[PDB]
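To keep things clear, I will list the structure first and then write my remarks on it.
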Amino acid sequence: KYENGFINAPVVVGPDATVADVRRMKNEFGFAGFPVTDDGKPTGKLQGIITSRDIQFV
Amino acid sequence: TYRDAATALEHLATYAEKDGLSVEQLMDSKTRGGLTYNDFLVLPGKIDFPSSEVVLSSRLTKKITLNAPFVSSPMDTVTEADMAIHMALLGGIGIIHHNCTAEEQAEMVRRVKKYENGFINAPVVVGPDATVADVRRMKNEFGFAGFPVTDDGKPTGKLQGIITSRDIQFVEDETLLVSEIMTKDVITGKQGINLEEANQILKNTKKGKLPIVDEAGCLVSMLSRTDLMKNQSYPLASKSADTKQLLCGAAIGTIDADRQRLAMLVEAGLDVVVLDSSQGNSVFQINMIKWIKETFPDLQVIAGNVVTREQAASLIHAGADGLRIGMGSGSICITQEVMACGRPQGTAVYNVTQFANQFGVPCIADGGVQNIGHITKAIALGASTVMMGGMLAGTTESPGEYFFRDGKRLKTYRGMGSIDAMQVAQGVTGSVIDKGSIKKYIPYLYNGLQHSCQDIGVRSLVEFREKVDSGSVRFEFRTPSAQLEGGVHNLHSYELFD
Amino acid sequence: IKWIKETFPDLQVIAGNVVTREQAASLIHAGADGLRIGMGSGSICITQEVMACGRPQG
Amino acid sequence: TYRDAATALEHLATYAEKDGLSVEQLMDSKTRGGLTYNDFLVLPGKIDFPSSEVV
Amino acid sequence: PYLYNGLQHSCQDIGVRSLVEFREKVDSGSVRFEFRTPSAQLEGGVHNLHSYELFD
Amino acid sequence: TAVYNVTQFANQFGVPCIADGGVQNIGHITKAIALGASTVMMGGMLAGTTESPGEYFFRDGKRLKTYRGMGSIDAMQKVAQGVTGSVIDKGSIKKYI
Ligand SMILES: Nc1nc2c(ncn2[C@@H]2O[C@H](COP(=O)(O)OP(=O)(O)O)[C@@H](O)[C@H]2O)c(=O)[nH]1
Ligand SMILES: Nc1nc2c(ncn2[C@@H]2O[C@H](COP(=O)(O)OP(=O)(O)O)[C@@H](O)[C@H]2O)c(=O)[nH]1
Ligand SMILES: Nc1nc2c(ncn2[C@@H]2O[C@H](COP(=O)(O)OP(=O)(O)O)[C@@H](O)[C@H]2O)c(=O)[nH]1
Ligand SMILES: Nc1nc2c(ncn2[C@@H]2O[C@H](COP(=O)(O)OP(=O)(O)O)[C@@H](O)[C@H]2O)c(=O)[nH]1
Ligand SMILES: Nc1nc2c(ncn2[C@@H]2O[C@H](COP(=O)(O)OP(=O)(O)O)[C@@H](O)[C@H]2O)c(=O)[nH]1
Ligand SMILES: Nc1nc2c(ncn2[C@@H]2O[C@H](COP(=O)(O)O)[C@@H](O)[C@H]2O)c(=O)[nH]1
Ligand SMILES: Nc1nc2c(ncn2[C@@H]2O[C@H](COP(=O)(O)O)[C@@H](O)[C@H]2O)c(=O)[nH]1
Ligand SMILES: [K+]
Ligand SMILES: [K+]
């Protein structure tokens, strides 16, 4: 999973998740590029994306 | 029969003195005299706070204060730009060596000052007629890839767009012009805006840069997102309160030629100068000090080296803003064996600072420092900061090429008085073991000093200074047997950080 | 120490480590039933070199 | 508060003795006695001449 | 000449222009001294190096 | 001798062979391939590099990493045919390889 062309089952986050949750996810995986789906599942409806820049200075 | 335990604290008053020695009694030679760090200990006190609460704010000079009492020595095997940059970021400061041409030293100072910025002065720019090949050559040279695009290719030119690493990153045709690949619509800040205002706009855009332009649309300055990141990652960084640039120190001699050298260092943005000498109490250095205060009145001057009260008085009278203490205490130094002249570092620090502190002149304890214990004791005896040479040699930020010998990873470390460096030697050439990055090593020293203050029962170095002078902090001599017992002993083998 | 004497009054408490008169007085006042003396005197210990803090054991 | 630096040389007179020991005090055994070269140092002073001038 | 030059620099650091002056300033108590504990002697010499290598 | 005699047989079946063990330098790699090996396996040479697990410690004035055989008692504990030892630091394999 270190290098991909098409990433399978990318890590995602729900809209109701907090910045605290996203930072905890960044430390764990550890990247900060999580698309946002409505149900918080990888197969869910895309509603946006959150990146490192988005949470860097929150 | 036995006294009631409830009377334990009250019974302490029946004793004429607190247990252990005052700093006065310790250094009241006597009987015994001429001691160094390893000859004594600081006795523990009362803990009523966490070590994380301990403040290590320290005066480098009259007007300069650091968040940590750590100073890297001006030696060609310890402090160049890389060293000085990271010392400043981690709350200390670096003194750039002068075993080099004036131009080379000024360049090192300049790189330290330009490493972090608030408003970038004269940012690197590119013209629209430049090629991708040119931009890549610029990236390699500076090297950063964010360049605003001006019509004339001057920092003061009319802004027409911006070129970033992402823009050139996967361009196959290097002949393409900047005008073709650049981003034309760029968010800018208006001239006259202050730093806090400019930063917010930058934070809102989420872009790499924020160019500042005048009403005519000409570039005047620029912000960088990474500067905000650097501030966030290094909140204790030693920086100018106005420019946000890292503080930088540099060493010079006291000959007439160093006047031109210093002028070049000041132009590069030097914040503090160290007059480098094994015996600073000279007419030569005194004249240099006087010349600096009238020529560069805003430049802080550290004089030295000194080890006696008389030396200190002489240079303080000359106008020194700080003092460098140590003669022969250096790991790679031999002045005492060659000149018969020097002083045990512990006694030197005490007797000099006992005089100098009365004048609000901070003193650097220079040489003989190898561990956290040495740092604590130096400060206990009156030092405001400690200078480290050998301890920082062999770190990745140190300027050296690692070589292998005796099955050990080594870096060369040499005294500035050694014949090799000058090319009667007062230093020698040697090697030191690898230690890794100071990004780990300095926080270890920082954390260690906090715990040391905690055990002693002081919440800051300011408090530490006060409680020692008042006789509240207590000390104890170490016989040769006590020192062996104090260190590792009676083991077949043994293996601090990481 | 105080919490132990009121919770487990029959339990003997040894406090420490200490090396000064003042430390001893403090913990004795707290109710210590015994004291442990030593700081840096340990064969495998380095507190004195790392903390600049300790005392010759004698 | 801090003393004025201009009074630094004048303030030296408030001390009973110069910093360090006299040769008499060094060799006034005592306590300590029976020392050799490696047991002591000479403290530095004031430089107002080049070493080449030394006779 | 190395010893000669070295002794000149040593006199300079002490602040005396000759051995005659050196003798006088010591006897008058102007030249000052300091004991060296065993720790100070180790600190005064080369210390804490993996290896090391005066004249020539 | 092991690499030569095995590969002289294995090459006839198009089966590539790894030369595992005894490799310490570029010369060993060359000779192993010369004798018929298709690749070389390195253990000790890569131990002590930054990308290798786990943590460095200092002994005898040298920066070391623990290096042990899978047949050592320590390894089998989560008749020994291996031992536990140490190797010097080597830095990143991004430079070493
Ligand atoms: N997304 C993605 N594309 C890749 C990756 N590796 C190679 N490619 C694409 O594969 C194509 C050709 O790659 P090539 O240069 O032959 O190297 P190779 O794919 O590593 O064999 C190019 O379009 C690359 O951008 C990867 O890790 N991720
Ligand atoms: N963002 C993300 N990256 C993944 C995932 N799984 C594997 N990766 C890889 O991890 C790397 C992360 O990209 P990077 O730009 O370094 O970090 P990010 O921008 O914070 O996501 C890429 O090379 C991905 O191919 C995943 O679920 N999410
Ligand atoms: N781009 C740029 N950076 C500078 C200049 N002068 C100093 N710097 C510093 O270099 C750093 C730029 O790093 P970064 O923005 O990540 O690199 P870039 O995105 O490729 O420009 C900032 O911290 C600046 O303070 C300059 O003229 N141009
Ligand atoms: N629209 C617009 N694009 C910009 C601005 N600043 C930079 N860009 C472009 O957006 C892309 C990403 O730039 P940036 O994130 O600053 O580059 P990085 O610092 O290399 O990550 C590049 O193609 C830039 O030319 C801006 O203010 N507005
Ligand atoms: N652009 C920029 N702003 C800075 C820098 N250093 C401090 N600041 C700003 O100074 C203001 C005060 O922040 P401050 O509390 O000093 O943060 P700290 O320096 O981490 O303690 C904030 O707007 C910071 O963003 C820098 O290097 N660059
Ligand atoms: N006399 C003398 N002192 C030196 C020389 N090089 C470095 N020093 C001193 O030794 C200190 C470094 O000591 P270390 O940190 O290695 O124990 C420096 O701060 C500097 O004052 C030299 O060549 N001669
Ligand atoms: N018999 C035995 N072989 C081992 C053990 N541990 C490792 N080896 C082998 O020794 C090789 C290591 O060779 P090196 O690169 O250290 O010279 C490994 O690739 C593996 O094949 C062990 O405990 N017992
Ligand atoms: K010990
Ligand atoms: K020395």
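To be explicit about the labels: the chains of the structure tokens are called A, B, and onward in the order shown, and within each one the residues are counted from 1, while ligands get numbers from 1 in the order they are shown.
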Taking only C-alpha atoms and all ligand atoms into account, which residues are within 10 Å of ligand 2, as a ChimeraX atom specification?
/A:1-12,26,29-35,42,50-53
Can you tell me which residues come within 6 Å of ligand 8 when counting only C-alpha atoms and all ligand atoms, ideally as a list in words?
residues 485, 486, 487 and 488 of chain B; 40, 41, 42, 43, 44, 45 and 46 of chain C
Can you check which residues of chain B have any atom within 9 Å of chain D? Use only C-alpha atoms and format it as a compact mmCIF listing (two decimals) with N, CA, C and O atoms, in the first residue's frame.
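Contents of iface_1.txt, freshly written:
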# COMPACT_ATOMS: atom_id res chain seq x y z
N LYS B 30 40.59 28.58 50.51
CA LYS B 30 40.61 27.22 51.04
C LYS B 30 41.31 26.28 50.05
O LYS B 30 41.84 26.77 49.07
N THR B 31 41.42 24.97 50.30
CA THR B 31 40.80 24.25 51.42
C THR B 31 39.28 23.97 51.31
O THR B 31 38.54 24.22 52.26
N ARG B 32 38.79 23.54 50.15
CA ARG B 32 39.59 23.19 48.98
C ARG B 32 39.36 24.21 47.89
O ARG B 32 38.32 24.85 47.85
N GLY B 34 40.10 25.44 43.56
CA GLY B 34 40.42 25.10 42.18
C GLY B 34 39.67 23.89 41.67
O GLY B 34 40.26 22.99 41.07
N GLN B 279 42.52 34.60 25.36
CA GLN B 279 42.78 35.57 26.42
C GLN B 279 42.29 36.95 25.97
O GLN B 279 43.03 37.73 25.38
N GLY B 280 41.02 37.23 26.27
CA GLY B 280 40.35 38.41 25.74
C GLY B 280 40.68 39.71 26.44
O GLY B 280 40.34 40.79 25.95
N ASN B 281 41.35 39.63 27.59
CA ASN B 281 41.69 40.84 28.34
C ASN B 281 42.92 41.51 27.75
O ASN B 281 43.99 41.50 28.36
N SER B 282 42.76 42.08 26.56
CA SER B 282 43.86 42.74 25.86
C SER B 282 43.45 44.11 25.35
O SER B 282 42.27 44.37 25.10
N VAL B 283 44.44 44.99 25.18
CA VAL B 283 44.21 46.31 24.62
C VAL B 283 43.62 46.17 23.22
O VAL B 283 42.80 46.99 22.80
N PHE B 284 44.03 45.12 22.52
CA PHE B 284 43.54 44.85 21.18
C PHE B 284 42.03 44.64 21.20
O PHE B 284 41.30 45.26 20.42
N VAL B 306 37.55 34.88 29.31
CA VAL B 306 38.06 35.31 30.60
C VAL B 306 37.87 34.22 31.64
O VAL B 306 37.05 33.31 31.45
N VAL B 307 38.63 34.29 32.73
CA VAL B 307 38.47 33.35 33.84
C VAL B 307 38.65 34.01 35.21
O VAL B 307 38.44 33.37 36.23
N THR B 308 39.04 35.29 35.22
CA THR B 308 39.23 36.01 36.48
C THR B 308 38.33 37.23 36.60
O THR B 308 37.83 37.77 35.61
N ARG B 309 38.14 37.67 37.84
CA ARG B 309 37.37 38.86 38.16
C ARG B 309 37.94 40.09 37.47
O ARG B 309 37.20 40.93 36.96
N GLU B 310 39.27 40.20 37.45
CA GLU B 310 39.93 41.36 36.88
C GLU B 310 39.72 41.45 35.37
O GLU B 310 39.49 42.54 34.83
N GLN B 311 39.80 40.31 34.68
CA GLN B 311 39.54 40.26 33.25
C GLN B 311 38.12 40.73 32.95
O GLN B 311 37.89 41.51 32.03
N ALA B 312 37.17 40.22 33.73
CA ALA B 312 35.77 40.53 33.54
C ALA B 312 35.51 42.02 33.71
O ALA B 312 34.84 42.64 32.89
N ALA B 313 36.06 42.60 34.77
CA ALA B 313 35.90 44.02 35.05
C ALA B 313 36.42 44.87 33.90
O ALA B 313 35.80 45.86 33.51
N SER B 314 37.56 44.46 33.35
CA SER B 314 38.19 45.20 32.27
C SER B 314 37.31 45.26 31.03
O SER B 314 37.13 46.32 30.43
N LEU B 315 36.74 44.12 30.64
CA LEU B 315 35.94 44.04 29.43
C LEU B 315 34.53 44.59 29.63
O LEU B 315 33.91 45.06 28.68
N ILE B 316 34.02 44.51 30.85
CA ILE B 316 32.72 45.07 31.15
C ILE B 316 32.87 46.60 31.04
O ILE B 316 32.03 47.26 30.48
N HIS B 317 33.96 47.13 31.59
CA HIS B 317 34.22 48.57 31.53
C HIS B 317 34.35 49.03 30.08
O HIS B 317 34.00 50.15 29.75
N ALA B 318 34.85 48.14 29.24
CA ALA B 318 35.03 48.42 27.83
C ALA B 318 33.70 48.46 27.11
O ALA B 318 33.61 48.95 26.00
N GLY B 319 32.66 47.94 27.75
CA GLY B 319 31.33 47.93 27.17
C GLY B 319 30.75 46.61 26.72
O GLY B 319 29.72 46.59 26.05
N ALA B 320 31.37 45.50 27.10
CA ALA B 320 30.88 44.18 26.69
C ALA B 320 29.44 43.97 27.14
O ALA B 320 29.06 44.33 28.25
N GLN B 336 46.40 25.28 28.85
CA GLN B 336 46.95 25.18 30.19
C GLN B 336 48.29 24.45 30.21
O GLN B 336 49.19 24.81 30.96
N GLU B 337 48.43 23.42 29.38
CA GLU B 337 49.68 22.66 29.32
C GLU B 337 50.75 23.40 28.52
O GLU B 337 51.94 23.21 28.76
N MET B 339 50.62 26.99 27.88
CA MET B 339 50.80 28.35 28.38
C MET B 339 50.93 28.41 29.91
O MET B 339 51.21 29.48 30.46
N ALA B 340 50.73 27.28 30.58
CA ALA B 340 50.68 27.24 32.04
C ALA B 340 49.60 28.18 32.57
O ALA B 340 49.61 28.55 33.74
N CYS B 341 48.66 28.54 31.69
CA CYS B 341 47.71 29.60 31.98
C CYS B 341 46.27 29.17 31.71
O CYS B 341 45.93 28.72 30.61
N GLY B 342 45.42 29.32 32.72
CA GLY B 342 44.03 28.94 32.63
C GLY B 342 43.39 28.88 34.00
O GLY B 342 43.89 29.49 34.95
N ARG B 343 42.28 28.16 34.12
CA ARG B 343 41.60 28.01 35.40
C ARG B 343 40.58 26.88 35.36
O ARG B 343 39.95 26.66 34.34
N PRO B 344 40.43 26.14 36.48
CA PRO B 344 39.34 25.16 36.54
C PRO B 344 38.00 25.82 36.28
O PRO B 344 37.71 26.86 36.87
N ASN B 351 33.66 32.81 40.14
CA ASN B 351 34.33 34.05 40.49
C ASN B 351 34.08 35.17 39.48
O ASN B 351 34.02 36.34 39.85
N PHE B 355 31.00 38.58 40.04
CA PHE B 355 31.28 39.97 39.73
C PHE B 355 30.39 40.49 38.59
O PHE B 355 29.77 41.55 38.71
N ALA B 356 30.33 39.73 37.50
CA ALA B 356 29.64 40.18 36.29
C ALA B 356 28.13 40.33 36.45
O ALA B 356 27.54 41.26 35.91
N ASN B 357 27.50 39.42 37.19
CA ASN B 357 26.05 39.46 37.37
C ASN B 357 25.59 40.72 38.09
O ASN B 357 24.45 41.16 37.93
N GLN B 358 26.48 41.31 38.89
CA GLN B 358 26.16 42.55 39.60
C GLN B 358 25.95 43.70 38.62
O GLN B 358 25.33 44.71 38.95
N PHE B 359 26.48 43.53 37.41
CA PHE B 359 26.38 44.54 36.36
C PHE B 359 25.37 44.14 35.29
O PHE B 359 25.25 44.80 34.26
N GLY B 360 24.65 43.04 35.53
CA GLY B 360 23.67 42.57 34.58
C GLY B 360 24.30 42.11 33.28
O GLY B 360 23.70 42.23 32.21
N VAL B 361 25.52 41.59 33.37
CA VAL B 361 26.25 41.10 32.21
C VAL B 361 26.20 39.57 32.19
O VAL B 361 26.90 38.92 32.96
Please check which protein, DNA or RNA residues sit within 10 Å of ligand 7, counting only C-alpha atoms and all ligand atoms, and write them as a VMD selection string.
chain F and resid 18 to 24 40 to 47 67 to 76 80 to 84
Generate the output file for the selected residues, N, CA and C atoms, as a PDB file, in the first residue's frame.
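Saved file result.pdb follows:
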ATOM      1  N   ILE F  18      19.149 -17.882  -5.018  1.00  0.00           N
ATOM      2  CA  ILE F  18      19.630 -16.834  -4.128  1.00  0.00           C
ATOM      3  C   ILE F  18      20.858 -17.304  -3.360  1.00  0.00           C
ATOM      4  N   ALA F  19      21.928 -16.517  -3.416  1.00  0.00           N
ATOM      5  CA  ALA F  19      23.106 -16.773  -2.595  1.00  0.00           C
ATOM      6  C   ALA F  19      22.923 -16.094  -1.237  1.00  0.00           C
ATOM      7  N   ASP F  20      22.614 -16.901  -0.226  1.00  0.00           N
ATOM      8  CA  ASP F  20      22.234 -16.411   1.097  1.00  0.00           C
ATOM      9  C   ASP F  20      23.312 -16.696   2.138  1.00  0.00           C
ATOM     10  N   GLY F  21      23.893 -15.625   2.674  1.00  0.00           N
ATOM     11  CA  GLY F  21      24.869 -15.719   3.745  1.00  0.00           C
ATOM     12  C   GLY F  21      26.308 -15.558   3.294  1.00  0.00           C
ATOM     13  N   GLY F  22      27.124 -14.986   4.173  1.00  0.00           N
ATOM     14  CA  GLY F  22      28.542 -14.818   3.911  1.00  0.00           C
ATOM     15  C   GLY F  22      28.867 -13.605   3.062  1.00  0.00           C
ATOM     16  N   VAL F  23      27.845 -12.828   2.713  1.00  0.00           N
ATOM     17  CA  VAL F  23      28.039 -11.632   1.903  1.00  0.00           C
ATOM     18  C   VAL F  23      28.287 -10.433   2.812  1.00  0.00           C
ATOM     19  N   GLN F  24      29.383  -9.722   2.558  1.00  0.00           N
ATOM     20  CA  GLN F  24      29.801  -8.601   3.397  1.00  0.00           C
ATOM     21  C   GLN F  24      30.218  -7.382   2.575  1.00  0.00           C
ATOM     22  N   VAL F  40      21.632 -12.118  -4.564  1.00  0.00           N
ATOM     23  CA  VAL F  40      22.320 -12.330  -3.302  1.00  0.00           C
ATOM     24  C   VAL F  40      21.430 -11.840  -2.175  1.00  0.00           C
ATOM     25  N   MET F  41      21.409 -12.595  -1.083  1.00  0.00           N
ATOM     26  CA  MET F  41      20.654 -12.204   0.097  1.00  0.00           C
ATOM     27  C   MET F  41      21.605 -11.637   1.138  1.00  0.00           C
ATOM     28  N   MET F  42      21.218 -10.508   1.722  1.00  0.00           N
ATOM     29  CA  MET F  42      22.041  -9.822   2.710  1.00  0.00           C
ATOM     30  C   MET F  42      21.286  -9.641   4.017  1.00  0.00           C
ATOM     31  N   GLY F  43      21.926 -10.051   5.108  1.00  0.00           N
ATOM     32  CA  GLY F  43      21.389  -9.871   6.443  1.00  0.00           C
ATOM     33  C   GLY F  43      22.194  -8.850   7.222  1.00  0.00           C
ATOM     34  N   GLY F  44      23.385  -9.255   7.655  1.00  0.00           N
ATOM     35  CA  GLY F  44      24.241  -8.411   8.468  1.00  0.00           C
ATOM     36  C   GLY F  44      24.599  -7.092   7.810  1.00  0.00           C
ATOM     37  N   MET F  45      24.752  -7.113   6.489  1.00  0.00           N
ATOM     38  CA  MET F  45      25.119  -5.918   5.738  1.00  0.00           C
ATOM     39  C   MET F  45      24.050  -4.831   5.835  1.00  0.00           C
ATOM     40  N   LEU F  46      22.790  -5.240   5.957  1.00  0.00           N
ATOM     41  CA  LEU F  46      21.678  -4.293   5.979  1.00  0.00           C
ATOM     42  C   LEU F  46      21.216  -4.009   7.402  1.00  0.00           C
ATOM     43  N   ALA F  47      21.589  -4.879   8.334  1.00  0.00           N
ATOM     44  CA  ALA F  47      21.350  -4.613   9.744  1.00  0.00           C
ATOM     45  C   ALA F  47      22.179  -3.405  10.163  1.00  0.00           C
ATOM     46  N   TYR F  67      21.650  -7.644  16.372  1.00  0.00           N
ATOM     47  CA  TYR F  67      21.560  -8.526  15.217  1.00  0.00           C
ATOM     48  C   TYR F  67      21.693  -9.973  15.670  1.00  0.00           C
ATOM     49  N   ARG F  68      20.649 -10.758  15.433  1.00  0.00           N
ATOM     50  CA  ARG F  68      20.586 -12.127  15.932  1.00  0.00           C
ATOM     51  C   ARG F  68      20.059 -13.081  14.874  1.00  0.00           C
ATOM     52  N   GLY F  69      20.481 -14.335  14.972  1.00  0.00           N
ATOM     53  CA  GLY F  69      20.004 -15.370  14.080  1.00  0.00           C
ATOM     54  C   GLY F  69      18.640 -15.889  14.489  1.00  0.00           C
ATOM     55  N   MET F  70      17.864 -16.301  13.503  1.00  0.00           N
ATOM     56  CA  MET F  70      16.534 -16.811  13.757  1.00  0.00           C
ATOM     57  C   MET F  70      16.605 -18.087  14.552  1.00  0.00           C
ATOM     58  N   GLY F  71      17.777 -18.709  14.559  1.00  0.00           N
ATOM     59  CA  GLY F  71      17.981 -19.931  15.292  1.00  0.00           C
ATOM     60  C   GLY F  71      18.499 -19.698  16.700  1.00  0.00           C
ATOM     61  N   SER F  72      18.638 -18.441  17.089  1.00  0.00           N
ATOM     62  CA  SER F  72      19.108 -18.135  18.425  1.00  0.00           C
ATOM     63  C   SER F  72      17.995 -18.434  19.411  1.00  0.00           C
ATOM     64  N   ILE F  73      18.381 -18.604  20.666  1.00  0.00           N
ATOM     65  CA  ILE F  73      17.442 -18.885  21.715  1.00  0.00           C
ATOM     66  C   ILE F  73      16.476 -17.708  21.907  1.00  0.00           C
ATOM     67  N   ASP F  74      16.995 -16.491  21.820  1.00  0.00           N
ATOM     68  CA  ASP F  74      16.204 -15.278  22.004  1.00  0.00           C
ATOM     69  C   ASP F  74      15.104 -15.175  20.951  1.00  0.00           C
ATOM     70  N   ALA F  75      15.452 -15.483  19.707  1.00  0.00           N
ATOM     71  CA  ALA F  75      14.501 -15.407  18.605  1.00  0.00           C
ATOM     72  C   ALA F  75      13.424 -16.482  18.721  1.00  0.00           C
ATOM     73  N   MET F  76      13.837 -17.703  19.048  1.00  0.00           N
ATOM     74  CA  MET F  76      12.905 -18.822  19.158  1.00  0.00           C
ATOM     75  C   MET F  76      11.963 -18.641  20.347  1.00  0.00           C
ATOM     76  N   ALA F  80      20.071 -24.334  20.166  1.00  0.00           N
ATOM     77  CA  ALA F  80      20.264 -23.141  19.352  1.00  0.00           C
ATOM     78  C   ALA F  80      21.153 -23.436  18.147  1.00  0.00           C
ATOM     79  N   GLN F  81      20.837 -22.802  17.020  1.00  0.00           N
ATOM     80  CA  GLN F  81      21.650 -22.903  15.812  1.00  0.00           C
ATOM     81  C   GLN F  81      22.084 -21.510  15.358  1.00  0.00           C
ATOM     82  N   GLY F  82      21.911 -20.536  16.248  1.00  0.00           N
ATOM     83  CA  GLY F  82      22.306 -19.163  15.992  1.00  0.00           C
ATOM     84  C   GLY F  82      22.611 -18.459  17.301  1.00  0.00           C
ATOM     85  N   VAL F  83      23.141 -17.242  17.212  1.00  0.00           N
ATOM     86  CA  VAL F  83      23.492 -16.465  18.397  1.00  0.00           C
ATOM     87  C   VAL F  83      22.949 -15.044  18.302  1.00  0.00           C
ATOM     88  N   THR F  84      23.014 -14.327  19.421  1.00  0.00           N
ATOM     89  CA  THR F  84      22.617 -12.925  19.477  1.00  0.00           C
ATOM     90  C   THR F  84      23.866 -12.056  19.499  1.00  0.00           C
TER      91      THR F  84
END
Measure the distance from atom CA of residue 14 of chain C to atom CA of residue 50 of chain C in Å and round it to one decimal.
25.5 Å
Given a cut-off of 8 Å, what residues near ligand 9 show up using only C-alpha atoms and all ligand atoms, put as a PyMOL selection string?
(chain B and resi 328-336+368) or (chain E and resi 42-47)
Residues within 7 Å of ligand 6, counting only C-alpha atoms and all ligand atoms, as a count of residues only
32
Show which residues sit within 10 Å of residue 165 of chain B, as a PyMOL selection string. Count only C-alpha atoms, and ignore same-chain residues fewer than 6 positions away.
chain B and resi 135-136+139+144-147
Store the residues picked out above in a file with N, CA, C and O atoms, as a PDB file, in the first residue's frame.
ATOM      1  N   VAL B 135      14.283  27.791 -14.458  1.00  0.00           N
ATOM      2  CA  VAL B 135      13.603  27.701 -13.170  1.00  0.00           C
ATOM      3  C   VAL B 135      14.134  26.526 -12.354  1.00  0.00           C
ATOM      4  O   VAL B 135      14.301  26.629 -11.141  1.00  0.00           O
ATOM      5  N   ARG B 136      14.404  25.413 -13.026  1.00  0.00           N
ATOM      6  CA  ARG B 136      14.933  24.234 -12.352  1.00  0.00           C
ATOM      7  C   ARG B 136      16.343  24.498 -11.848  1.00  0.00           C
ATOM      8  O   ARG B 136      16.715  24.049 -10.762  1.00  0.00           O
ATOM      9  N   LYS B 139      15.887  26.434  -8.812  1.00  0.00           N
ATOM     10  CA  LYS B 139      15.441  25.603  -7.714  1.00  0.00           C
ATOM     11  C   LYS B 139      16.633  24.920  -7.076  1.00  0.00           C
ATOM     12  O   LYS B 139      16.748  24.882  -5.866  1.00  0.00           O
ATOM     13  N   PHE B 144      14.595  26.696  -3.715  1.00  0.00           N
ATOM     14  CA  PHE B 144      13.165  26.598  -3.425  1.00  0.00           C
ATOM     15  C   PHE B 144      12.477  26.745  -4.770  1.00  0.00           C
ATOM     16  O   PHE B 144      13.073  27.289  -5.695  1.00  0.00           O
ATOM     17  N   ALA B 145      11.252  26.258  -4.917  1.00  0.00           N
ATOM     18  CA  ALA B 145      10.624  26.347  -6.218  1.00  0.00           C
ATOM     19  C   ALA B 145       9.501  27.360  -6.358  1.00  0.00           C
ATOM     20  O   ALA B 145       8.854  27.409  -7.390  1.00  0.00           O
ATOM     21  N   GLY B 146       9.251  28.161  -5.336  1.00  0.00           N
ATOM     22  CA  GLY B 146       8.177  29.125  -5.439  1.00  0.00           C
ATOM     23  C   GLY B 146       8.701  30.484  -5.813  1.00  0.00           C
ATOM     24  O   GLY B 146       9.275  31.181  -4.999  1.00  0.00           O
ATOM     25  N   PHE B 147       8.489  30.870  -7.058  1.00  0.00           N
ATOM     26  CA  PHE B 147       8.958  32.153  -7.508  1.00  0.00           C
ATOM     27  C   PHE B 147       7.859  32.990  -8.124  1.00  0.00           C
ATOM     28  O   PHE B 147       7.224  32.573  -9.083  1.00  0.00           O
TER      29      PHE B 147
END
Within 7 Å of ligand 5, counting only C-alpha atoms and all ligand atoms: which residues, as a list in words?
residues 116, 117, 118, 119, 195, 196, 199, 223, 224, 227, 228, 230, 231, 232, 234, 235, 236, 244 and 245 of chain B
Selection: 12 Å around residue 475 of chain B, only C-alpha atoms, excl. self and same-chain fewer than 6 positions, as a PyMOL selection string
(chain B and resi 18-27+37+39-45+377+380-381+456+467-469) or (chain C and resi 19-20+52-56)
Could you write out the selected residues, including C-alpha atoms, as a compact mmCIF listing (two decimals), in the first residue's frame?
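File produced: again-v5.txt:
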# COMPACT_ATOMS: atom_id res chain seq x y z
CA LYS B 18 20.81 23.77 56.23
CA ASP B 19 22.28 20.39 55.33
CA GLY B 20 25.07 20.61 52.76
CA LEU B 21 27.07 23.67 51.69
CA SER B 22 26.12 27.08 50.33
CA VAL B 23 27.68 28.06 47.01
CA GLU B 24 29.82 30.46 49.03
CA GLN B 25 31.09 27.68 51.29
CA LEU B 26 31.66 25.37 48.33
CA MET B 27 33.77 27.92 46.46
CA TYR B 37 32.09 20.52 37.65
CA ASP B 39 34.10 17.94 42.02
CA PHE B 40 30.64 18.67 43.44
CA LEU B 41 26.89 17.97 43.35
CA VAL B 42 23.71 19.98 43.83
CA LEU B 43 21.59 18.58 46.66
CA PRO B 44 17.90 17.83 45.96
CA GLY B 45 15.11 19.97 47.44
CA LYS B 377 26.24 23.01 37.57
CA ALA B 380 24.23 26.90 39.38
CA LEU B 381 27.62 28.60 39.68
CA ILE B 456 16.47 20.75 42.99
CA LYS B 467 17.89 30.37 45.42
CA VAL B 468 21.59 29.61 44.96
CA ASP B 469 22.72 33.13 45.82
CA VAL C 19 19.87 12.17 50.84
CA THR C 20 19.37 15.36 52.91
CA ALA C 52 23.68 17.07 38.56
CA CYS C 53 21.76 15.98 41.64
CA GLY C 54 22.66 13.47 44.34
CA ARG C 55 25.07 12.93 47.22
CA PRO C 56 28.02 10.73 48.25
